[PDB]
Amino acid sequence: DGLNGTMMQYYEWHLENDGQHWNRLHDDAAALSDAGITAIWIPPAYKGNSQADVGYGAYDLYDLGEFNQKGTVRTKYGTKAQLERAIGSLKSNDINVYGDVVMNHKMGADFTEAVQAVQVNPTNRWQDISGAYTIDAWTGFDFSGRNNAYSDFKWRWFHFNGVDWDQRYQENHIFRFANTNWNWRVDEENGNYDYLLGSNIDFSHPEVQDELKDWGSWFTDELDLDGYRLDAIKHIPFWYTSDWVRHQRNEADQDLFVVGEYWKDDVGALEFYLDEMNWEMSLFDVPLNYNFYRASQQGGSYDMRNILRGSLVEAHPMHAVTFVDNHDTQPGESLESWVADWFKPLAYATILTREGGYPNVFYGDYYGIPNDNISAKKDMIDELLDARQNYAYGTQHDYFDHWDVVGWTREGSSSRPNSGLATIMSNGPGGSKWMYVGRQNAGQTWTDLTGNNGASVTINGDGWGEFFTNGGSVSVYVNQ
């Protein structure tokens, strides 16, 4: 009934490989719904390079933990039946399901094939640095165990255009298959960033184009998805992702939300991509991700007035999926840029209580990351989810008018009981700030939902109130 949306990435990189994650999801549905979560982004649910694979070393997109391939029936998360049981539970609890989609490459080929290739400059793929010669690449996929269920398409080297490993001479190099082009258009870092890892798919082939379109539709119908989380799209030809997206929305009755991961600390690059997509999807606010990181790393000298400066939610709050961290940014991972405990609460309040952006809660922060002795922040986040779910409504007023202390308010809406809130925080010494919260809320007494401050704020006749916060902390006052 107008309820704010809150997405949750239900997994972290160091989750246990006990194949019980789908069951946890099923049992957690109700609690998650009650807490304020409206959508769940599940990890790649298909068979990867191995059982313990997080999902990105995707082997067979049609095996959702149902066939004995790559040394296991189930995936790291569980069986196909448990995943469907989980999804059903989420649905009955009014939670949308977004599937993670990996179409950039494939890994775990069943066998190798002789292929004429050329070495290219790692920092500039447009440039070859060797003559063409035959290498043995892992490009043959037969999916033994699936027995052609759902599809009989088989992958071969001619469906790809590159790999980073030659089994013949057993060496690592970035190989571009001779007489094949890098995809385009794609991100231009390193000249051409078509190749990332594994066996890189060449979308110029109409047969590839159709297979992934057909697969996408089969996947969407099989799990009854409500959207997707498009993986490593800055490496995938832009025109194709666009094509693919349009194709799925055409085949599916239900609406489909789409958020793509274009990983670049550059809002312009992201805007350029959204232009090419005709703004038909949202993108994770990566610059914002790094804003939080820079602020976490720098400390009190960071000017809080520029916290949203350069973000995506700032420029196009309607096409931005905001978050603080994920499986790639947690300690030790490839895109590490972890927001420390002291700042994480400020970051979360910033994406959960403001009107712009679609906020996403990270499983790792919510339940903690045991592997790294990172505590569960459930308590701190639930309070903010309560703020977002019941108080972050109505007209917004911002106050990024000081380097340490900044805040904003939401007047609330007639449609919702006691909604309305005032957020204030400082990444340096504490302080206070007079902010407007709507003359219609005059005479109310607001208290801090987080409990980081006991101050009791009464709204005066003109709709104003003075809010407080201690150093390096955040408060969210509401009429409770």
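Start at 1 with the first residue shown and count on from there.
Stretches 368 to 376 and 313 to 321 differ in mean CA B factor, with 313 to 321 having the higher one. The question of which stretch, 252 to 260 or 72 to 80, has the higher mean Cα B factor is settled in favour of 252 to 260. Among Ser296, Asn172, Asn326, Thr112, the highest C-alpha B-factor recorded in the PDB entry belongs to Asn172. The top Cα temperature factor in the record, among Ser432, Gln51, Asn441, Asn453, falls on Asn441.
Annotation for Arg85: C-alpha temperature factor in the middle third relative to the rest of the modelled chain, per the entry. Sort the modelled residues of the chain by CA B factor and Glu336 lands in the highest third. For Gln396, the recorded CA B-factor ranks within the middle third of the chain. Only modelled residues enter the ranking.
In the PDB entry, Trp215 places in the middle third of its chain by CA B-factor. For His402, the recorded CA B-factor ranks within the highest third of the chain. Only modelled residues enter the ranking.
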